């Protein structure tokens, strides 16, 4: 494995200050321009809007347009202009660094898998939440599809087993994954009707396609809010923060393009303009950058290092989501 941060050091330890507990929601297929906070005409994030201390970032560009390309890039040290999807899984990434420095790393996945990111770490630190063998929240819809909120169940058991350590929990969302947006949310989120079903996206009425997409964002709004609420139940003993970034956006019929994964060279705006949210408890001393900072997926790795008081020369100058 090719290293990049063997110099990384943790400036303060959880035995000499409050331990730190962070949830990083790795979002899926969410577009920046369908976020209420970014000027969308629909209130797609009602529950997040009621939580104080949430920063919305209005100018975030993803590293790529697919899950397989963007997810490794989000945890990489190389940045988007130097990232190589084909050698990514042999590079030291930010989670390798934090685990080495003693931060407890957990990856729960309701999407696919970590696309190589967790591969160097013990397998017990990755959990498949697409199956009812782990996910207790699957029988809430006619499809029996397991839901992102199920990834929150039993996180206290993980906290208990890591009592007093710093902890970083990745929750990899099913989110807005298509083509079957109508399957991605339970009935209580079916606010926008009528809804496109079936996989022939270009054949649906355009408004019905958007309606299904926006309904899935409502379910993601709920999941993120529930994630912050769960963190709040540990705010006494832990410095708690939540970072959300989507892996890429989605085309919804613009110029006849649907889904995503188009090469960066011809990729439409809509596939790379992603939402990002950051929440932290006022106790932590973490300060967000301005909501309108020009940001990319390159900001993720310095953000996670700063959240755990880790410095690494490779990303010393890099802009993060936080100061």
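Residue numbers count along the first chain shown, from 1.
The question of which stretch, 237-245 or 205-213, has the higher mean Cα B factor is settled in favour of 205-213. When 28-36 is weighed against 257-265, 257-265 comes out higher, by mean CA B-factor as recorded in the entry.
Of the candidates 221, 128, 84, 145, the one whose C-alpha carries the top B factor in the deposited record is 84.
Within the group 74, 171, 95, 196, the record's highest C-alpha temperature factor is found at 196. Sort the modelled residues of the chain by CA B factor and residue 62 lands in the lowest third.
Ranked by Cα temperature factor within the chain, residue 306 sits in the lowest third according to the deposited record. In the deposited entry, the Cα temperature factor of residue 165 places it in the highest third of its chain's modelled residues.
Among the modelled residues of its chain, residue 17 has a C-alpha B-factor that falls in the middle third according to the deposited record. Among the modelled residues of its chain, residue 102 has a C-alpha B-factor that falls in the middle third according to the deposited record.
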